[PDB]
């Protein structure tokens, strides 16, 4: 008595005129008429249009209670049917890419690059897997579990070939909660100064998850490498994704970080308690805590030890910072170091730019984070464009010294006067007392990476 629909067909209903449909479990709901009845307005609920409620239920667990579910059942109109998963490259190179939640803010479809709606970013310490930002340079690899092999070699160690099963049984499983931030986060603020090359990220190219897997340290020691090597040695990684020419995505990290127990570098097979999603590297990815997202290679195929940095294009000719004076005709990637640890950062996630907020009390919220395991010791929040500041409340548990891999969510509730204008700014300070710079121009660079000047959000107060 209930018509069946595919995830794809449900994704066609994302608007009132079209009808707003959402899914939960294997049920399909038409909540067009409910949007106006939703507590807190339609702004958040409409973020789920055409897709699953799952991730949003994880952010706001009150929806899991019986009374909310009983309300939701009033809007049921169908059921989902298993999605067939078909014959690569006939249609196109990205034809086998996994489906994604429609609530993501996509800035590139082929290759797929997207960030979750900024208002949801600092609503939960662990970012739901369906909303975790995604950055793909190439088509997503389609991997058959049983035949996948991770190759590990290099000078001083034999040559291993580990199946997913062996990775899971041979090495003790460790979990590390770590925030991944792309080098291009907040690149859109760089473009306001002068046009740059790169994906036009807003403040959401950063997400946090509890990663589970083998320690890189343990796998390399098993391969026979020593705990320490004299001089500057590197651990190079190569993914299963490659361009038409055959060069795979690759990156490396210093050998010292790879072998250090406290550095928590993992060969992760689990993400937020479940198997790694395809977009995030199924079956295995490197996770390098405190280091720019580019080095956390997904769809891992090879691990090697070398006296030199990875020769990959992305290690050598991308992801570097330059003086603001450098232009395409003078840029020389030999003159700057590959980005490994990232500088202190923060952004306001609530309210959003252009909002008109009710007078009285306003709760300002956001995230703050610093690379290299350096914790956030304070976040300063201004309502007047950075003239005067108040200290925000830092949420969450502290971590051991030098191992603050996860962001600090913060919030501050402040009184706001009817009919005024606000310019809301946040800036964070880390455990080495490094701070964020006032403006973007002086840190501008042609690729628009390393965008950490204060985040400024303009809103008005209603009357």
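Numbering follows the first chain given and starts at 1.
- In the deposited entry, the stretch joining residue 86 to residue 87 is interrupted by 1 to 3 residues of the deposited sequence lacking coordinates.
- Higher mean CA temperature factor between 410-418 and 428-436: 410-418, per the PDB entry.
- Looking at mean Cα B-factors across 185-193 and 370-378, the upper value is held by 185-193.
- Between the residues 213, 139, 157, 117, the entry's highest C-alpha temperature factor is the one at 157.
- Of the residues listed, 290, 200, 343, 246, the entry assigns the biggest Cα temperature factor to 246.
- Residue 127: CA B factor lies in the lowest third for its chain, per the PDB record.
- Residue 350 sits in the lowest third of its chain by CA B factor, as recorded in the PDB entry.
- Ranked within its chain, residue 73 lands in the highest third, by CA B factor from the PDB record.
- In the deposited entry, the Cα temperature factor of residue 404 places it in the lowest third of its chain's modelled residues.
- In this PDB entry, the Cα temperature factor of residue 222 sits in the top third of its chain's modelled residues, the highest group.
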